[PDB]
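The block underneath contains the structure these notes are about, expressed in structure tokens.
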Amino acid sequence: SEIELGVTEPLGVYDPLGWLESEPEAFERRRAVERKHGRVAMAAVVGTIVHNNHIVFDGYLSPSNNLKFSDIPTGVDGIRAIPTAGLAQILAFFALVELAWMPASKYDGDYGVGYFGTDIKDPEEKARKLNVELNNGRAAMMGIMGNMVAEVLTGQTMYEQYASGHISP
Amino acid sequence: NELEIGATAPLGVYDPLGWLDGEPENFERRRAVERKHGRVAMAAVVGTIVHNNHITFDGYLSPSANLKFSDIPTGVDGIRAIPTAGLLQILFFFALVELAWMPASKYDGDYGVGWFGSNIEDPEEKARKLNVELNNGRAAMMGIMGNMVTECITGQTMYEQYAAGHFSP
Amino acid sequence: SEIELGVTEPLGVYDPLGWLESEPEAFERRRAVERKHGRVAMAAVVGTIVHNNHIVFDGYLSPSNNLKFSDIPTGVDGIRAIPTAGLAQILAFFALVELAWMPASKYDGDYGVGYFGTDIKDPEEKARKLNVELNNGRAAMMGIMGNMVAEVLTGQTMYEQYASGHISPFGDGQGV
Amino acid sequence: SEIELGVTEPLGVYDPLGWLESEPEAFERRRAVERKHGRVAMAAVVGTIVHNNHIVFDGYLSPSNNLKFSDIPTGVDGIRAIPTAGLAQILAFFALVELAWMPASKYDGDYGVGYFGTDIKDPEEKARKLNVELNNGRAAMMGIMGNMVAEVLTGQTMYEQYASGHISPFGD
Ligand code: CLA
Ligand code: CLA
Ligand code: CLA
Ligand SMILES: CC(=O)O[C@H]1CC(C)(C)C(=C=C/C(C)=C/C=C/C(C)=C/C=C/C=C(C)/C=C/C=C(\C)C(=O)C[C@@]23O[C@]2(C)C[C@@H](O)CC3(C)C)[C@](C)(O)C1
Ligand SMILES: CC(=O)O[C@H]1CC(C)(C)C(=C=C/C(C)=C/C=C/C(C)=C/C=C/C=C(C)/C=C/C=C(\C)C(=O)C[C@@]23O[C@]2(C)C[C@@H](O)CC3(C)C)[C@](C)(O)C1
Ligand SMILES: CC(=O)O[C@H]1CC(C)(C)C(=C=C/C(C)=C/C=C/C(C)=C/C=C/C=C(C)/C=C/C=C(\C)C(=O)C[C@@]23O[C@]2(C)C[C@@H](O)CC3(C)C)[C@](C)(O)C1
Ligand code: KC1
Ligand code: KC1
């Protein structure tokens, strides 16, 4: 079930707070938030690879603002370069996802999609893949803000952090 | 069970004409038309996306008629630029499809193929994917009609518009 | 079963010779020959489409004979241009495949693999794709022979026949 | 079900030393080493094919050593061209896989991944693929030795030897 989906070999039940017995009814929101934050962070980590490999959409993001796709910085100042008529489009389409299509109020996590559209019939398979989504969500949560404090402390995006050899601590 | 396949969440069963509680014996063919109109219109919306993105087949469609693939229009007049010996090859091959291979008299829908060649083996996610085929079919039937109406109103294709900025009526 | 696997809708059980009850014991090899011929002719049709689309390997087939891959004719004289030490390698590898690995004396064609490595557990779906393999094999058997006689009766490969606009029969054609 | 996983056609059970009932106790490790040596060699003959086809990573492996990916030899001396600060990075990461992530302590060879993520539930489906992993692992062990031996007995790598037409055993 859902409360043994977070455990793994090298830590087990890692509750250093002791909140699994302190707030036992609040686990199912907190699991749904940890899964939600992980799913955003894994898309954010992979997004930082693709931005900093200079893979661009080869066109104009806003011809009214004269803003090409390669006119947008890859690092922290990338979302700030998007015009406010474009951030209105992101918040409108993802209001229809987060409220109607795949509502974040649904704490189950499963939507109609499966794992690549596939329901996993074997319960030790499915719980294993559920553990990977949490663990790769946990590694990317700390990973994505290891990448944002590597830029708000240096003032240097992840491309020329590697070009100038500035990964020396 | 074909009677609850069209009914999705936000509107439920939707019958402003009341023809489910009207004639019940005409539903099996009206479902067969709605699914068939959906499948034709979904391949047409993808067709308008590929044609307006200037993805062509790199050659001559009719070297006797001196027609390159890049000479065919990408709007509603693209099908009328095809030579009459080319429209008949479309007509006679899809006579073999519509009458023999995937016979349109089969009001069931399932000819031989499934979801990428397989049954889904599971009455809840198969009914979920049957809901998606109808709902994405319904959104594309309005989508291809809206693509053709503003084609003939503006007189432009979907690449000429988005080059002039015609986004407000 | 195997006796029900070749029959589909517009013809059903189709034998003008009537050997399904004249020779009922010779059927299970004759199915395996039809399936083998179909499997061979399906790769031969896809091969002719690939050769005449000028998809070549970018190199030298035999640098000893100065023979590039693009120097090989894309028609019925393709393997007549392969050097004889090259056809020895093809015959030696498919001796290992047609006798040891996937032996052709196994008269059900069921060697190790499934349909893309999948065993189709549904018997009505497995019989459907077994019918497709036979029917696409029967269509490619007529497809490869009508491709081969159209080349030798025109003297042109399939690229040159569609370059000259020679689809119309100078001889006499028969096609769907 | 591990004593019949290497048994295939013509050889069947093959044991010229007779260790299968000289040591029926040490088979569980000895299978796990054969599977591990098979998996390492299978990713090695594929490596020699990729390197000798000049598929490189179009950049600098070590800009500190001023060394790009196309400067490394594509033969047996390619591991020596890597700087030791970089090859320390790969034994630091494969220490994490061989001890922690997929521990080679586990004599099954079985970890959370299956065959392309799927568990094969038909039992000679699964035993057919387990036989294939062993057999292609065994053929790659004899393949990666026959590549490294025939390189040093001609001095050329596999790209160099095939370009010179040095396939037939003239000097040997
Ligand atoms: C998005 C935030 C978030 C939330 C809500 C959770 C929630 C949970 N974690 Mg998870 N965890 C997270 C991120 C999160 N985690 C990250 C990023 C890692 C990698 C370090 C982990 C590593 C981890 C392990 C190994 C395990 C859990 C477990 C749990 C469950 C324990 C129940 C409980 O109440 O624990 C206490 C409550 C919390 C852990 C969440 C409270 C969030 C605090 C208040 C945030 C405080 C700010 C923080 C210090 C800032 C750090 C960022 C900075 C380093 C840059 C609970 C569902 C256990 C489990 O799932 O067992 C079934 C378990 O074994 N977590
Ligand atoms: C090919 C056209 C077509 C047909 C034959 C059907 C048939 C059906 N739909 Mg409908 N549907 C369609 C297109 C179609 N749909 C489109 C484009 C949408 C998106 C707007 C929908 C949205 C929809 C929902 C949400 C639901 C249905 C449902 C149904 C079924 C219930 C019976 C019924 O309502 O009869 C009434 C008759 C009809 C629906 C079609 C008759 C033809 C009309 C009278 C022609 C009028 C069109 C007008 C002249 C031009 C259109 C204007 C403009 C859009 C261009 C029936 C099988 C219900 C269902 O499946 O329950 C299980 C259901 O819940 N449909
Ligand atoms: C490779 C040769 C070959 C062989 C050995 C078979 C064998 C079979 N076919 Mg198949 N068939 C083939 C090719 C072949 N077929 C081709 C190319 C087509 C498409 C035209 C078909 C269309 C077909 C259908 C629709 C059906 C069969 C069926 C059968 C089975 C019925 C048993 C019987 O009495 O058949 C009769 C015996 C033979 C067919 C083998 C005799 C070979 C002849 C005498 C060789 C002479 C041909 C001649 C030179 C062709 C010249 C023209 C050509 C170059 C264009 C048997 C396994 C039936 C079935 O599977 O039911 C269980 C069935 O319904 N066949
Ligand atoms: C809504 C929908 O329909 O979805 C459907 C369809 C779909 C998409 C096909 C399905 C799927 C499968 C999916 C989504 C598979 C993808 C999963 C994903 C995206 C997994 C990333 C993990 C990243 C990690 C662990 C990073 C650690 C980060 C670390 C260790 C760092 O140090 C961060 C880093 O920055 C620094 C700090 C330092 C740099 O020197 C190094 C880098 C740059 C790394 C679904 C989900 O099943 C259902
Ligand atoms: C994961 C999942 O869901 O399962 C999947 C996988 C699975 C099971 C396989 C399924 C299937 C069915 C599939 C994929 C069927 C595809 C069939 C296919 C691909 C059929 C090609 C015909 C091309 C021909 C006959 C060429 C004719 C000949 C031609 C065009 C010519 O000779 C002319 C030409 O050549 C020259 C002479 C000169 C050139 O300059 C120009 C051209 C090229 C014009 C599913 C159900 O779909 C889904
Ligand atoms: C025959 C056969 O063998 O099939 C086999 C093999 C095969 C193919 C592998 C299998 C599969 C899977 C398939 C077919 C998956 C494909 C599904 C498909 C093709 C789904 C499109 C949806 C489009 C929508 C909802 C558009 C809305 C359009 C809207 C909302 C618009 O506004 C229209 C638009 O123009 C305007 C008006 C304004 C623009 O600003 C926006 C655009 C441009 C959009 C099968 C089916 O299982 C079995
Ligand atoms: C965690 C992220 C990460 C960073 C940020 C990072 C950085 C550098 N890598 Mg490392 N690396 C991995 C991860 C990371 N590496 C992983 C997962 C593996 C496979 C297990 C791996 C393998 C090698 C090899 C073979 C070499 C190598 C090198 C460098 C060097 C390049 C700059 C330079 O050399 O001027 C910089 C410091 C080369 C080298 O160290 O040359 C002296 C080299 O030859 N890496
Ligand atoms: C079975 C093999 C086969 C051959 C050998 C063949 C050959 C030619 N096709 Mg055809 N074709 C199909 C199959 C075959 N075609 C199929 C299955 C379809 C869709 C269902 C199809 C569609 C179209 C369309 C839309 C057009 C078309 C054309 C030509 C013409 C080149 C022009 C020329 O030589 O003058 C040559 C002879 C164009 C045309 O007819 O121009 C007057 C044209 O517009 N085709």
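In the structure tokens, chains take letters A, B, ... by order of appearance, with residues numbered from 1 within each chain and ligands from 1 in the order shown.
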Review point. Within 8 Å of ligand 2, counting only C-alpha atoms and all ligand atoms, which protein or nucleic acid residues do you find, written as a PyMOL selection string?
Key: chain B and resi 2-8+11-20+27-38+135+137-142+145
Wanna dump the chain D-ligand 7 contacts at 10 Å for me, each residue with its shortest atom pair and the distance in Å to one decimal, counting only C-alpha atoms and all ligand atoms, ordered by chain and number, as JSON lines?
{"residue": "D:60", "atom": "CA", "partner": "ligand 7", "partner_atom_place_in_ligand_line": "31 (C)", "distance": 8.0}
{"residue": "D:61", "atom": "CA", "partner": "ligand 7", "partner_atom_place_in_ligand_line": "44 (O)", "distance": 5.2}
{"residue": "D:62", "atom": "CA", "partner": "ligand 7", "partner_atom_place_in_ligand_line": "34 (O)", "distance": 3.8}
{"residue": "D:63", "atom": "CA", "partner": "ligand 7", "partner_atom_place_in_ligand_line": "35 (O)", "distance": 4.3}
{"residue": "D:64", "atom": "CA", "partner": "ligand 7", "partner_atom_place_in_ligand_line": "35 (O)", "distance": 3.7}
{"residue": "D:65", "atom": "CA", "partner": "ligand 7", "partner_atom_place_in_ligand_line": "42 (C)", "distance": 6.5}
{"residue": "D:66", "atom": "CA", "partner": "ligand 7", "partner_atom_place_in_ligand_line": "35 (O)", "distance": 7.8}
{"residue": "D:67", "atom": "CA", "partner": "ligand 7", "partner_atom_place_in_ligand_line": "44 (O)", "distance": 8.4}
{"residue": "D:68", "atom": "CA", "partner": "ligand 7", "partner_atom_place_in_ligand_line": "44 (O)", "distance": 9.4}
{"residue": "D:69", "atom": "CA", "partner": "ligand 7", "partner_atom_place_in_ligand_line": "44 (O)", "distance": 9.4}
{"residue": "D:79", "atom": "CA", "partner": "ligand 7", "partner_atom_place_in_ligand_line": "25 (C)", "distance": 9.0}
{"residue": "D:81", "atom": "CA", "partner": "ligand 7", "partner_atom_place_in_ligand_line": "44 (O)", "distance": 8.8}
{"residue": "D:82", "atom": "CA", "partner": "ligand 7", "partner_atom_place_in_ligand_line": "44 (O)", "distance": 5.3}
{"residue": "D:83", "atom": "CA", "partner": "ligand 7", "partner_atom_place_in_ligand_line": "44 (O)", "distance": 5.3}
{"residue": "D:84", "atom": "CA", "partner": "ligand 7", "partner_atom_place_in_ligand_line": "42 (C)", "distance": 6.8}
{"residue": "D:85", "atom": "CA", "partner": "ligand 7", "partner_atom_place_in_ligand_line": "40 (O)", "distance": 4.6}
{"residue": "D:86", "atom": "CA", "partner": "ligand 7", "partner_atom_place_in_ligand_line": "40 (O)", "distance": 3.3}
{"residue": "D:87", "atom": "CA", "partner": "ligand 7", "partner_atom_place_in_ligand_line": "25 (C)", "distance": 4.8}
{"residue": "D:88", "atom": "CA", "partner": "ligand 7", "partner_atom_place_in_ligand_line": "25 (C)", "distance": 7.7}
{"residue": "D:89", "atom": "CA", "partner": "ligand 7", "partner_atom_place_in_ligand_line": "22 (C)", "distance": 5.0}
{"residue": "D:90", "atom": "CA", "partner": "ligand 7", "partner_atom_place_in_ligand_line": "20 (C)", "distance": 3.6}
{"residue": "D:91", "atom": "CA", "partner": "ligand 7", "partner_atom_place_in_ligand_line": "20 (C)", "distance": 6.9}
{"residue": "D:92", "atom": "CA", "partner": "ligand 7", "partner_atom_place_in_ligand_line": "20 (C)", "distance": 7.1}
{"residue": "D:93", "atom": "CA", "partner": "ligand 7", "partner_atom_place_in_ligand_line": "20 (C)", "distance": 5.0}
{"residue": "D:94", "atom": "CA", "partner": "ligand 7", "partner_atom_place_in_ligand_line": "20 (C)", "distance": 6.7}
{"residue": "D:95", "atom": "CA", "partner": "ligand 7", "partner_atom_place_in_ligand_line": "20 (C)", "distance": 9.7}
{"residue": "D:96", "atom": "CA", "partner": "ligand 7", "partner_atom_place_in_ligand_line": "20 (C)", "distance": 9.8}
Practice item. Dump as a PyMOL selection string the residues of chain B that approach chain C to within 9 Å, counting only C-alpha atoms. Key: chain B and resi 63-64+100+112-113+117-119
For the residues in the current selection, export N, CA, C and O atoms as a PDB file, in the first residue's frame.
ATOM      1  N   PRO B  63       4.785  14.486 -61.760  1.00  0.00           N
ATOM      2  CA  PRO B  63       5.742  15.040 -62.727  1.00  0.00           C
ATOM      3  C   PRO B  63       5.170  15.248 -64.113  1.00  0.00           C
ATOM      4  O   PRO B  63       5.735  16.037 -64.878  1.00  0.00           O
ATOM      5  N   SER B  64       4.083  14.566 -64.469  1.00  0.00           N
ATOM      6  CA  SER B  64       3.393  14.898 -65.707  1.00  0.00           C
ATOM      7  C   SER B  64       2.688  16.239 -65.589  1.00  0.00           C
ATOM      8  O   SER B  64       2.700  17.040 -66.529  1.00  0.00           O
ATOM      9  N   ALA B 100     -14.005  -3.370 -47.397  1.00  0.00           N
ATOM     10  CA  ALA B 100     -13.470  -4.716 -47.272  1.00  0.00           C
ATOM     11  C   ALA B 100     -12.581  -4.882 -46.051  1.00  0.00           C
ATOM     12  O   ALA B 100     -12.831  -5.769 -45.233  1.00  0.00           O
ATOM     13  N   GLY B 112      -9.679  -5.254 -36.778  1.00  0.00           N
ATOM     14  CA  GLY B 112      -8.788  -6.317 -36.366  1.00  0.00           C
ATOM     15  C   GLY B 112      -7.769  -5.857 -35.354  1.00  0.00           C
ATOM     16  O   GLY B 112      -7.197  -6.651 -34.605  1.00  0.00           O
ATOM     17  N   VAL B 113      -7.538  -4.558 -35.336  1.00  0.00           N
ATOM     18  CA  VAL B 113      -6.446  -3.981 -34.596  1.00  0.00           C
ATOM     19  C   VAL B 113      -6.979  -3.519 -33.255  1.00  0.00           C
ATOM     20  O   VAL B 113      -8.187  -3.396 -33.040  1.00  0.00           O
ATOM     21  N   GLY B 117      -2.179  -2.783 -31.804  1.00  0.00           N
ATOM     22  CA  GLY B 117      -2.172  -4.188 -32.135  1.00  0.00           C
ATOM     23  C   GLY B 117      -2.549  -5.127 -31.019  1.00  0.00           C
ATOM     24  O   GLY B 117      -2.503  -6.343 -31.222  1.00  0.00           O
ATOM     25  N   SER B 118      -2.928  -4.619 -29.857  1.00  0.00           N
ATOM     26  CA  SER B 118      -3.231  -5.479 -28.730  1.00  0.00           C
ATOM     27  C   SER B 118      -4.540  -5.059 -28.090  1.00  0.00           C
ATOM     28  O   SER B 118      -4.890  -3.879 -28.068  1.00  0.00           O
ATOM     29  N   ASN B 119      -5.258  -6.046 -27.571  1.00  0.00           N
ATOM     30  CA  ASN B 119      -6.332  -5.775 -26.637  1.00  0.00           C
ATOM     31  C   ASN B 119      -5.750  -5.210 -25.350  1.00  0.00           C
ATOM     32  O   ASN B 119      -4.591  -5.452 -25.010  1.00  0.00           O
TER      33      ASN B 119
END
Practice item. Give as a list in words every residue of chain A that touches chain B within 12 Å, counting only C-alpha atoms. Key: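 Written out as asked, the residues are residues 60, 62, 63, 64, 99, 100, 101, 111, 112, 113, 114, 117, 118, 119, 120 and 121 of chain A.
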Go ahead and save the residues from that selection, with N, CA and C atoms, as a JSON list (two decimals), in the first residue's frame.
[["chain", "number", "residue", "atom", "x", "y", "z"],
["A", 60, "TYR", "N", 10.85, 32.11, -33.13],
["A", 60, "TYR", "CA", 10.52, 33.27, -32.32],
["A", 60, "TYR", "C", 9.52, 32.87, -31.24],
["A", 62, "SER", "N", 8.21, 35.28, -29.23],
["A", 62, "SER", "CA", 7.29, 36.40, -29.35],
["A", 62, "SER", "C", 7.76, 37.34, -30.45],
["A", 63, "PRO", "N", 7.16, 37.27, -31.64],
["A", 63, "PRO", "CA", 7.50, 38.26, -32.67],
["A", 63, "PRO", "C", 7.01, 39.66, -32.34],
["A", 64, "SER", "N", 5.96, 39.78, -31.52],
["A", 64, "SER", "CA", 5.52, 41.10, -31.09],
["A", 64, "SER", "C", 6.53, 41.75, -30.16],
["A", 99, "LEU", "N", -6.57, 21.43, -12.14],
["A", 99, "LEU", "CA", -7.89, 21.45, -11.53],
["A", 99, "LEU", "C", -8.86, 20.47, -12.15],
["A", 100, "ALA", "N", -8.76, 20.22, -13.45],
["A", 100, "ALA", "CA", -9.79, 19.48, -14.17],
["A", 100, "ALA", "C", -9.30, 18.16, -14.73],
["A", 101, "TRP", "N", -8.19, 18.16, -15.46],
["A", 101, "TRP", "CA", -7.79, 16.97, -16.20],
["A", 101, "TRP", "C", -7.04, 15.99, -15.30],
["A", 111, "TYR", "N", -3.34, 8.98, -12.33],
["A", 111, "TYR", "CA", -4.44, 9.45, -13.15],
["A", 111, "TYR", "C", -4.76, 8.35, -14.16],
["A", 112, "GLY", "N", -5.53, 8.66, -15.20],
["A", 112, "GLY", "CA", -5.86, 7.66, -16.20],
["A", 112, "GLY", "C", -4.66, 7.10, -16.95],
["A", 113, "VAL", "N", -3.58, 7.88, -17.04],
["A", 113, "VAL", "CA", -2.35, 7.35, -17.61],
["A", 113, "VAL", "C", -1.70, 6.40, -16.62],
["A", 114, "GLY", "N", -0.91, 5.47, -17.15],
["A", 114, "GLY", "CA", -0.21, 4.54, -16.29],
["A", 114, "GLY", "C", 1.26, 4.84, -16.31],
["A", 117, "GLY", "N", 1.48, 4.55, -20.18],
["A", 117, "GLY", "CA", 0.17, 4.07, -20.54],
["A", 117, "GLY", "C", -0.17, 2.68, -20.07],
["A", 118, "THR", "N", 0.73, 2.05, -19.32],
["A", 118, "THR", "CA", 0.63, 0.65, -18.96],
["A", 118, "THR", "C", 0.31, 0.53, -17.48],
["A", 119, "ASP", "N", -0.79, -0.16, -17.15],
["A", 119, "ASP", "CA", -0.94, -0.59, -15.77],
["A", 119, "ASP", "C", 0.04, -1.72, -15.50],
["A", 120, "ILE", "N", 0.60, -1.70, -14.31],
["A", 120, "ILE", "CA", 1.55, -2.72, -13.89],
["A", 120, "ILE", "C", 0.80, -3.72, -13.03],
["A", 121, "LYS", "N", 0.59, -4.93, -13.57],
["A", 121, "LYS", "CA", -0.23, -5.93, -12.89],
["A", 121, "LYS", "C", 0.48, -6.55, -11.70]]
Practice item. Could you please tell me, as a ChimeraX atom specification, which residues of chain D have an atom within 12 Å of chain C when using only C-alpha atoms? Key: /D:8-10,115-116,118-129,131-132,162-166
Point to revise | Within 9 Å of residue 34 of chain C using only C-alpha atoms, minus same-chain residues under 5 positions, as an NGL selection string | key: :C and (29 or 39 or 134 or 137-138)
Keeping only N, CA and C atoms, write the selected residues to a file as a PDB file, in the first residue's frame.
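Here's the written file result.pdb:
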ATOM      1  N   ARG C  29       3.832 -29.713 -43.652  1.00  0.00           N
ATOM      2  CA  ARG C  29       5.019 -29.156 -44.286  1.00  0.00           C
ATOM      3  C   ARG C  29       4.651 -28.062 -45.282  1.00  0.00           C
ATOM      4  N   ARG C  39       7.676 -15.396 -45.734  1.00  0.00           N
ATOM      5  CA  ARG C  39       8.634 -14.638 -44.940  1.00  0.00           C
ATOM      6  C   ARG C  39       9.819 -14.188 -45.779  1.00  0.00           C
ATOM      7  N   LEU C 134       0.577 -14.745 -42.846  1.00  0.00           N
ATOM      8  CA  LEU C 134       0.345 -15.541 -44.040  1.00  0.00           C
ATOM      9  C   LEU C 134      -0.169 -14.680 -45.181  1.00  0.00           C
ATOM     10  N   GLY C 137       2.433 -12.449 -46.438  1.00  0.00           N
ATOM     11  CA  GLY C 137       3.364 -13.289 -47.161  1.00  0.00           C
ATOM     12  C   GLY C 137       2.850 -13.695 -48.524  1.00  0.00           C
ATOM     13  N   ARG C 138       1.547 -13.934 -48.630  1.00  0.00           N
ATOM     14  CA  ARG C 138       0.965 -14.260 -49.921  1.00  0.00           C
ATOM     15  C   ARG C 138       0.940 -13.054 -50.842  1.00  0.00           C
TER      16      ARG C 138
END
Practice item. May I ask you to write as JSON, numbers by chain all residues lying at most 10 Å from ligand 5, with only C-alpha atoms and all ligand atoms counted? Key: {"B": [57, 58, 59, 60, 61, 112, 113, 114, 115, 116, 117, 118], "C": [45, 46, 48, 49, 50, 51, 52, 53, 54, 115, 116, 129, 140, 143, 147, 157, 158, 159, 160, 161, 162, 163]}
Check your understanding: Which chains and residue numbers are within 7 Å of ligand 4, counting only C-alpha atoms and all ligand atoms, if I want them as a count of residues only?
Key -> 21
Practice item. Report as a PyMOL selection string: the residues of segment 3-121 of chain A with a DSSP assignment of helix (DSSP H, G or I), based on the backbone of this structure. Key: chain A and resi 19-22+27-52+69-71+76-78+84-101
